[PDB]
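**Student:**
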Amino acid sequence: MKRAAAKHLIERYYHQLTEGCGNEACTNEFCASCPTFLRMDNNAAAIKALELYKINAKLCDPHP
Ligand SMILES: [Zn+2]
Numbered sequence: 010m011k012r013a014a015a016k017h018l019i020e021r022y023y024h025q026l027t028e029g030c031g032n033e034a035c036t037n038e039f040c041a042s043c044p045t046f047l048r049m050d051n052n053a054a055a056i057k058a059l060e061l062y063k064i065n066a067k068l069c070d071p072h073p
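The opening residue of the sequence shown carries number 10 in this note's numbering; numbering runs sequentially from there.
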């Protein structure tokens with residue numbers, strides 16, 4: 010029943026709030042490493058990970 014693909018998708022949103030997406034040039038309010046980000050808790054980052062997940066908002070995919 011554990012959806013690994015879904016859990017990691019949520020973890021990419023969670024990573025997006027906690028650590029960001031690495032790039033300096035990101036203008037996403039729902040994302041760290043962006044000027045528009047306010048420092049939230051990891052509990053709040055996981056809550057907002059689920060919010061952005063279910064609505065399928067602007068996710069920053071890791072593309073080297
Ligand atoms: Zn970003």
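Each residue gets a CB set at the ideal place from its N, CA and C atoms; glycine is no exception.
1) Measuring alpha carbon to alpha carbon, tell me which of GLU38, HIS17 and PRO71 ends up nearest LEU26.
2) Would you kindly work out how many angstroms separate the C-alpha atoms of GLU20 and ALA58, rounded to a whole number?
3) Taking just the CA atoms, how far does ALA66 sit from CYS35?
4) Within the present structure, is the beta-carbon of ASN65 separated from the nearest heavy atom of ligand 1 by less than 6 Å?
5) Is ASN51 near ligand 1, in the sense that its beta carbon is under 6 Å from a heavy atom of that ligand?
**Tutor:** If we stick to the structure as given:
1) Among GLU38, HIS17 and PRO71, the Cα nearest to that of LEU26 belongs to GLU38.
2) Using only the alpha carbons, I get a separation of about 7 Å.
3) Between the alpha carbons of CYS35 and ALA66 lies a distance of about 15 Å.
4) No, the Cβ of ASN65 stays beyond 6 Å of every heavy atom of ligand 1.
5) For ligand 1, not one heavy atom lies less than 6 Å from the Cβ of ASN51.
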